[PDB]
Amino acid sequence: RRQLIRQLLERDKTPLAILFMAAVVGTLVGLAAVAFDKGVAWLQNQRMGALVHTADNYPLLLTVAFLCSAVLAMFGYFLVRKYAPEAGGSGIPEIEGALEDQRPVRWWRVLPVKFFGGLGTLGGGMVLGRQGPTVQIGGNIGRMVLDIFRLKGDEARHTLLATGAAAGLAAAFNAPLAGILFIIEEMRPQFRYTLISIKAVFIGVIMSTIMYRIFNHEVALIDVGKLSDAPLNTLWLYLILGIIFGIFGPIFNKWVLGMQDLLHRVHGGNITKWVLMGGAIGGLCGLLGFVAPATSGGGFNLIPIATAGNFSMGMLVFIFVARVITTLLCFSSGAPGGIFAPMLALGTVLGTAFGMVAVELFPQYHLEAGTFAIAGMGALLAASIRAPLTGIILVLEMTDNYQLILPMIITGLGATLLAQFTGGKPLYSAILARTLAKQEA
């Protein structure tokens, strides 16, 4: 006890120099995230001044909109397999591990690999987010300055590494809160006290979020306007929808894991059987990304339209299923890209559909499908990656519908409450589990 009194009276005193760095990190993670995002676009663009260029000839399109998504997806896997087999996959478990000093921060490699690597897989338009990938690019940005200035001692190591993780998840979704909350709820070493400086983080999250704004004002990522509100007598409908995501969250966890096994045969580990099966799934996307865009691409652009209710119940279930496939087949193929963003779409869509069913089943509730779409947009980040708090805050962070807050949680809780009661595990952990139990042996 006599110690406590000293610690208490000693709380919140972080080495000024650790702070001043979290600022340099943030700023850098920032300029980075910006440039990455820009390039990703620039490519998806070219893949048009190529499509339109030969819009006359039909099979000539389907062809070019395969070769570019192949030539890019290949160039992607390659950069990874031959220079940093860690850039593959999400890009978070490697940081989540690294926080526990169980994996390494090979920034001198992972930086350029994850960057250009992604531009290849994303710019080609595969069912992979650019979020996770940025979380990783962030960490490395942190550790890169940590090494360049040789600051030493756990705190300066864990701290600068973590701020770079959040600065990243932030400058991406432009959600400073969701960022900080993510670290202190998922990244952060889960079973032991740590020397991470919360205050350092913020300075970083901000610095990055600013940089982003400097180059991204007057536009949002997801715009859905003020949807209606949700009356108490309709709160239970959000538990039912919560339970649903909860039983399916783990099942989706099986397929995502067991699909990287089954996909592993097909190449055995062979740099080329992989790279080839790379432009394979890669090109398959650039194709659907022009014969039914809803099944391909990131999946952002289709969220607003799902919330509105402009998708027939059918077209929804179609898009759902097809996306489930395209997302697994893409994430499980160890290509450099996150499964974070795409789960957002996955939830939206599933949410919307639950909505519609409800909307008619109870005309006396005066429901609006769109609310469940939002009550579910972060529900697959809750049943899979199991980070309710970061999930709820992220949705809100960018859907700005705080009046839904109650239905948002009652769904996001019913999620993890059913993903526990039924196997399932922190999908972002179960990966570091296999990649940590494989390292040894």
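Position 1 is the first residue in the sequence shown; the rest follow in order.
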Higher-B stretch (mean Cα B-factor, as the entry records it), 121 to 129 or 149 to 157: 149 to 157
Mean C-alpha temperature factor, higher of 28 to 36 and 65 to 73: 65 to 73
Peak C-alpha temperature factor (PDB record), options 387, 50, 374, 393: 50
Peak C-alpha temperature factor (PDB record), options 210, 172, 288, 230: 288
Among modelled residues of the same chain, the CA temperature factor third for residue 116: lowest
Third of the chain, ranked by Cα B-factor, where residue 218 sits: highest
Ranked C-alpha temperature factor of residue 323 among modelled chain residues, by third: middle
Position of residue 195 among the chain's modelled residues by C-alpha B-factor, lowest, middle or highest third: highest
Residue 94, C-alpha B-factor rank within chain (lowest, middle or highest third): middle
